Amino acid sequence: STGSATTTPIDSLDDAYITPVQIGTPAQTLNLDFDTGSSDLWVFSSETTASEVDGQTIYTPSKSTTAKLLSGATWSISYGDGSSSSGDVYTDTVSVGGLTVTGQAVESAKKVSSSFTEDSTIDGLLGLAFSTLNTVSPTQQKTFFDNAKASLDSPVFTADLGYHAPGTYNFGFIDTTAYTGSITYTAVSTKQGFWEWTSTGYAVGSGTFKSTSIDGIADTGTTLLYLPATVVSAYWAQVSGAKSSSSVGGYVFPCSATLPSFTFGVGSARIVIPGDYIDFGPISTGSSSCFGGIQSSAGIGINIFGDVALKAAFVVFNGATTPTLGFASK
Ligand SMILES: CC[C@H](C)CNC(=O)C[C@H](O)[C@H](CC(C)C)NC(=O)[C@H](CCCCNC(=S)NC)NC(=O)[C@H](Cc1ccccc1)NS(=O)(=O)N(C)C
């Protein structure tokens, strides 16, 4: 079996993408944030504290005939940006672009943090990192991909995210019409439970490729590109008006500038992010100052190949016994 779903940015700055998911019987469609950086599928529902509910679409376990409460299981998670959620768990049928998994754990939120209540276009998260990061207790619940693996035509899923446009998530197949060149595969360490890999170096604009190991994670749930502070500094050094702002939280630049591209190595291959994808957007509507999409990972503690990187390539999360990650130019 296979599945294909279109995914869309929740705003005009590509802060996140949501993909529709059908949960329960008859199907309840929710729009979730497909996150390769977590392993929890949870959604807002009939159980979340009302005043914690904005205009999100909720899951009502009670209206689904295949739902089953998972006796005694609870969950609690906190994310990298401080948000958090917790609740209980049900198992139900979950479909993604025609790809159905029965008995998938759907974690029902009882409480959500303020950033989630305020983001009206995200109904929950669908985690895609290793099941070892799952927060359900006492027994960890497998991700949608671990559960679909038996059925998949090939154990893989690809991310094809768009720059200010829709994209696609596909499961169990590789669409050769979607990228150019061939796919370069790189080893993944699962020690931390993440889609963790090592980049071979970088290049700023039309300058030299520097061979330096960049250990990082590929995470569709992270907006920007977090690199070591000395690589970020070499990028911004090429942009005349750019500077580091303590008030805004990072490098800012005149919106007016044409920024250089940024290339990161994948083995022998190079993936070129267009200077424009690095222009995240102005600080505030009308400002002459814009937010840089390449930020320092000094304060996070790990490098993150988030959305600004991920959208410049065709990405293959190959979930075979020995997982690997493939990158293609598109
Ligand atoms: C078991 C716990 C596991 C390890 C949790 N994994 C994780 O926590 C990684 C996972 O991908 C989350 C998903 C996110 C939707 C809440 N990413 C994040 O938490 C990041 C943080 C990236 C690193 C930032 N950390 C720091 S200290 N920066 C100074 N958020 C993001 O990148 C959000 C994503 C987002 C956007 C819009 C709506 C919802 C969520 N964009 S952002 O807020 O940082 N951007 C607006 C500035």
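When a ligand or atom number is given, it counts from 1 through the structure's own listing order. We count residues from 1, following the sequence as given.
In the vicinity of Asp33, heavy-atom distances shorter than 4.0 Å reach the ligand 1 atoms 15 (C). Using a 4.0 Å cut-off to heavy atoms of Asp219, the atoms of ligand 1 that qualify are 9 (C), 10 (C), 11 (O). Taking a cut-off of under 4.0 Å to the non-hydrogen atoms of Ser78, the atoms of ligand 1 that pass are 2 (C). Heavy-atom contacts of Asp119 reach the following atoms of ligand 1: 38 (C), 39 (C) (cutoff under 4.0 Å).
Counted by atom type alone, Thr66 and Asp92 present one or more donor-acceptor pairs between their side chains at under 3.5 Å. There is no side-chain donor-acceptor pair under 3.5 Å between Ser39 and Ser131. A donor-acceptor pair shorter than 3.5 Å cannot be found between the side chains of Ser213 and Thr198. For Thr324 and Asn318, the side-chain atoms include at least one donor-acceptor pair closer than 3.5 Å. When only modelled atom types and interatomic distance are considered, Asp160 and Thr168 share no side-chain donor-acceptor pair under 3.5 Å. No hydrogens or angles considered: nothing links the side chains of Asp54 and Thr117 as a donor-acceptor pair under 3.5 Å. A side-chain N or O of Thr7 and one of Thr19 form a donor-acceptor pair less than 3.5 Å apart.
Counting only heavy atoms of the protein, atom 42 (S) of ligand 1 lies nearest to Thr223 OG1, 4.0 Å. Here the heavy atom of the protein found nearest to atom 20 (C) of ligand 1 is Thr222 OG1, 3.6 Å. When hydrogens are left out, the protein atom nearest atom 36 (C) of ligand 1 is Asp15 O, 3.6 Å; that is the closest non-hydrogen contact. Of all protein heavy atoms, the one lying nearest to atom 1 (C) of ligand 1 is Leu133 O, 3.8 Å. Looking only at heavy atoms of the protein, atom 24 (C) of ligand 1 is closest to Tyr226 OH, 3.9 Å. Looking only at protein heavy atoms, the nearest one to atom 8 (O) of ligand 1 is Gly80 N, 2.9 Å. The nearest protein atom to atom 7 (C) of ligand 1, hydrogens excluded, is given as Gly37 O, 3.7 Å; this is a heavy-atom distance. In terms of protein heavy-atom proximity, atom 4 (C) of ligand 1 is closest to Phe194 CZ, 3.6 Å.
Residue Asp81 touches ligand 1 through backbone and side chain together, judged by heavy-atom distances below 4.0 Å. Heavy atoms of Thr36 found under 4.0 angstrom from ligand 1: none, in either backbone or side chain.
Under the 30°/60° scheme for interplanar angles, the aromatic rings of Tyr251 and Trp236 are found to lie parallel. A tilted orientation is assigned to the rings of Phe305 and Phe264, their planes being inclined by 30° to 60°.
Within the 4.0 angstrom cut-off, atom 47 (C) of ligand 1 has no protein heavy-atom neighbours.
The shortest heavy-atom distance from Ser297 to ligand 1 is not under 4.0 Å.
Residue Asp35 forms a side-chain contact (heavy atoms from CB on, under 4.5 Å) with just one option from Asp219, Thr143, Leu126, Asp40, and that option is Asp219.
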